[PDB]
Ligand code: NA
Ligand code: NA
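Chains as they are written, first to last, in the numbering used here: chain A, 593 to 800; chain B, 2 to 210.
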């Protein structure tokens, strides 16, 4: 019998992302109660508030990017931009959301959120993730261009985007890429990648 | 037609649902502190944040081992597993009676015992006691969680999940954990057994050890 290896890997990734702002809330509350750290009262309160914001943003994004079913549902592209903006708020790269306000089907919506976060993670020293999406020729086509110093799609991300098993690398970046590949291919669509100097692009289309 | 990540999405939906409850309470608590109209409830809002942060920390530490662990060989201290399971029971009406003698437990036993203990807590809608037993014998590690309390019940989606059956009547949340447990126990070469009585429900599992 096949184990829940893939679901465990996704669970491990989500825990890892949530534990960082959650433990900071615990540590911030520790500092408020500590009589020795009464000089950092304002800094501890700002740590709790920023970690609560980060955690709320990550959970709201996860809800649609990973928690959504494959059942038919339309999403507002403006609401999806809010979710992507939320995760980009706590990382060094900036977001250039160029999708004109419109209704997006479920595969398009799940795909655009995962593509935007993979583009952000391709930027280790900042830069810009440009997100484009057009409804044309019976498809919804997405392209996220990550431009910045040493922009790179890691080998486990490239393996995941092709639906290949995890070889060299961490499960965390691989599992999101493999999840995106499986939902796009289940919808009858395709994933494409572009790699250049200080640039990486992730493209996907789904029927629409 | 290609297979979608439907099962992984269901597990992700379940984890979000569990974490969003104490996380939104932290946001609401911080909203009350900043609200000039609610300056008379500063103490109550701070207690809401602190208790929700404790609940969230406990849920995340448990999830890390119950759902996030790989199938790779690793031993866990049963005392550390007790702390994780107790953290889950701390914020619900049922109580946990952990009767596993302090010992080393392999990856399948550890993952299984944590899921069984939480399924036992959820089988108690009006409180009671979940007794968790675990013995290393005959080349096996055998776990039994007995949930005893008023109207103790294993929901149909939990019974379907524990047998490795698809989701029929019920919610994905309780089904996905039960199906996850079934898949990790059967991958390890073990078996799951259930007992249902009046105001009692038991979940048993064995894995090779
Ligand atoms: Na940013
Ligand atoms: Na309790």
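C-beta: ideal position from N, C-alpha, C; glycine also.
The region 95-107 of chain B and the region 129-142 of chain B touch, with three or more beta-carbon pairs separated by less than 8 Å.
Take residue 18 of chain B, set aside five residues on each side of it, and the residues of its chain with a beta-carbon closer than 7 Å to its own are 174, in chain order. For the alpha helix (DSSP H) assignment, the uninterrupted runs of no fewer than 4 residues enclosed by the region 142-187 of chain B are, from N- to C-terminal side, 157-163. Between ligand 1 and residue 685 of chain A, a heavy atom-to-CB distance of less than 7 Å is present. In the structure shown, the three-state DSSP call for residue 710 of chain A is helix.
DSSP places residue 91 of chain B in the coil class of the three-state scheme, outside both helix and strand. Remark: three or more beta-carbon pairs, one from each stretch, lie closer than 8 Å, so the region 707-719 of chain A and the region 735-753 of chain A are flagged as touching. Only residues of its own chain outside the window of five on either side were considered, and among them 156, 157, 158 have a CB closer than 7 Å to the CB of residue 171 of chain B, listed in chain order. Residue burial is scored here from C-beta neighbours: residue 208 of chain B has at least 16 other C-beta atoms within 10 angstroms and is therefore classed as buried.
Look at the region 34-82 of chain B and you find these whole runs of alpha helix (DSSP H), each 4 residues long or longer: 43-67.
Under DSSP, residue 209 of chain B shares a beta bridge with B/141. With at least 16 other beta carbons inside 10 angstroms of its own, residue 65 of chain B counts as buried. Of all C-beta pairs linking the region 10-25 of chain B to the region 777-786 of chain A, fewer than three are shorter than 8 Å, placing the two stretches out of contact.
Taking the Cβ of residue 63 of chain B as the reference point, every heavy atom of ligand 2 lies at 7 Å or farther away.
Taken atom to atom, the span from the alpha-carbon of residue 643 of chain A to that of residue 22 of chain B is near 16 Å. From the listed residues B/90, B/75, B/114, B/130, the smallest Cα separation to residue 107 of chain B is found for B/75. Judged by DSSP in its simplified three-state form, residue 596 of chain A adopts coil rather than helix or strand. For residue 626 of chain A, no Cβ of chain B is located within less than 8 Å of the residue's own Cβ. When C-alpha distances from residue 20 of chain B are compared across A/624, A/636, A/653, the shortest belongs to A/653. Taking 7 Å as the cut-off, one finds no heavy atom of ligand 1 near enough to the beta carbon of residue 708 of chain A. Residue 38 of chain B and residue 82 of chain B do not touch by the CB rule: their CB atoms are close to 46 Å apart, not below 8 Å. In this structure, the beta-carbon distance from residue 755 of chain A to residue 740 of chain A does not fall below 8 Å. CA-to-CA, the gap between residue 594 of chain A and residue 770 of chain A works out to about 18 Å. Set against 7 Å, the gap from the CB of residue 681 of chain A to the closest heavy atom of ligand 1 is smaller. Residue pairing for residue 794 of chain A: DSSP places it in a beta bridge opposite A/736, A/785.
Using a CB distance cut-off of 8 Å, residue 784 of chain A does not count as an interface residue toward chain B. A direct Cα-Cα distance of roughly 28 Å separates residue 731 of chain A from residue 743 of chain A.
If you draw a straight line from the Cα of residue 789 of chain A to the Cα of residue 721 of chain A, it is about 15 Å long.
Residues of chain A whose Cβ lies closer than 9 Å to the Cβ of residue 4 of chain B are, in chain order, 774, 777, 778. In the DSSP assignment, residue 107 of chain B falls within the beta strand (DSSP E) that extends over 105-107. Using a CB distance cut-off of 8 Å, residue 678 of chain A does not count as an interface residue toward chain B. For residue 8 of chain B, the nearest beta carbon of chain A is closer than 8 Å to its own beta carbon.
Neighbours of residue 713 of chain A across chain B, judged by C-beta separation under 8 Å, do not exist; the nearest C-beta is about 18 Å away.
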